[PDB]
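Everything below concerns the one structure shown next.
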Amino acid sequence: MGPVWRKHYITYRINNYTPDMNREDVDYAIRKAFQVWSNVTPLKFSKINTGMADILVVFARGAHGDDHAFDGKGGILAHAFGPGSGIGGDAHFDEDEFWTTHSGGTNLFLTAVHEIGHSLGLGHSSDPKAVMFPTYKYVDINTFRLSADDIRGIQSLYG
Ligand SMILES: O=C(Cn1cccc(O)c1=O)NCCc1c[nH]c2ccccc12
Ligand SMILES: [Ca+2]
Ligand SMILES: [Ca+2]
Ligand SMILES: [Ca+2]
Ligand SMILES: [Zn+2]
Ligand SMILES: [Zn+2]
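All residue numbers for the sequence shown refer to the deposited numbering, where the first residue is 105 and numbers rise by one.
Structural data, given as structure tokens:
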């Protein structure tokens, strides 16, 4: 198994906020994306407003200080680093995308579910129903569920 957090209590902090969205919608989207993974694991996520967090959430564009430059509108929407110190765990969202609460532009909640999967140690799935499938697909966020493969993958890492 690839890297995993060696603790079940994991902190996050939002570094900065996309102008594309209301601030409170960003907080809600991120909180609900952590909750999707909380619901199927023993992991507990604590938001910190200031100071050291395991998972830093960043919106940035182009070359943004890691060795993994973003590519402008479309192509790569986001990435995340597997568990570890420093940049380990951190999830980055390409600000050249138009982040939304809905089916237009790029739905932040769905993208954050995928990226936090990476932040917890998952790779891609070959199952197109899996949130960890490599490509973005809008699905009704009211009806959203992790596939059986996403649950198998995260439970093989934690519990
Ligand atoms: O950034 C990407 C990969 N990607 C590359 C070129 C064109 C794309 O449309 C695209 O999704 N993947 C991370 C976001 C993602 C990957 N799988 C998902 C499933 C649901 C929601 C979001 C995602
Ligand atoms: Ca980190
Ligand atoms: Ca991009
Ligand atoms: Ca944007
Ligand atoms: Zn990055
Ligand atoms: Zn991915």
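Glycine is no exception: its CB is placed at the ideal position from the N, C-alpha and C atoms.
For residue i, three-class secondary structure by DSSP
i	result
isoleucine 258	helix
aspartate 253	helix
Straight-line Cα distance separating residue j from residue i
i	j	result
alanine 182	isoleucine 152	22 Å
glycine 209	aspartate 253	27 Å
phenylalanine 202	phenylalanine 163	11 Å
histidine 206	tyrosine 121	17 Å
residue 53	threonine 247	Because the chain is modelled from 105 through 263, residue 53 falls outside the range shown and cannot be assessed.
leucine 214	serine 142	15 Å
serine 260	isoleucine 220	16 Å
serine 229	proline 238	7 Å
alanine 173	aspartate 200	12 Å
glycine 166	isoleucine 191	17 Å
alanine 157	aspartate 244	30 Å
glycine 193	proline 232	24 Å
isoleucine 255	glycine 263	12 Å
Identified DSSP bridge partners for residue i
i	result
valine 161	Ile118, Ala195
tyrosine 113	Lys148
Continuous alpha helix (DSSP H) stretch holding residue i: start and end
i	result
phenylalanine 138	127 to 142
Span of the beta strand (DSSP E), counted from its first residue to its last, around residue i
i	result
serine 150	148 to 151
Problem - Length at least 3, wholly inside the segment 171 to 233: the beta strand (DSSP E) runs in chain order - result: For secondary structure counted as the beta strand (DSSP E) over 3 or more consecutive residues, the segment 171 to 233 holds these complete runs in sequence order: 182 to 184, 195 to 198.
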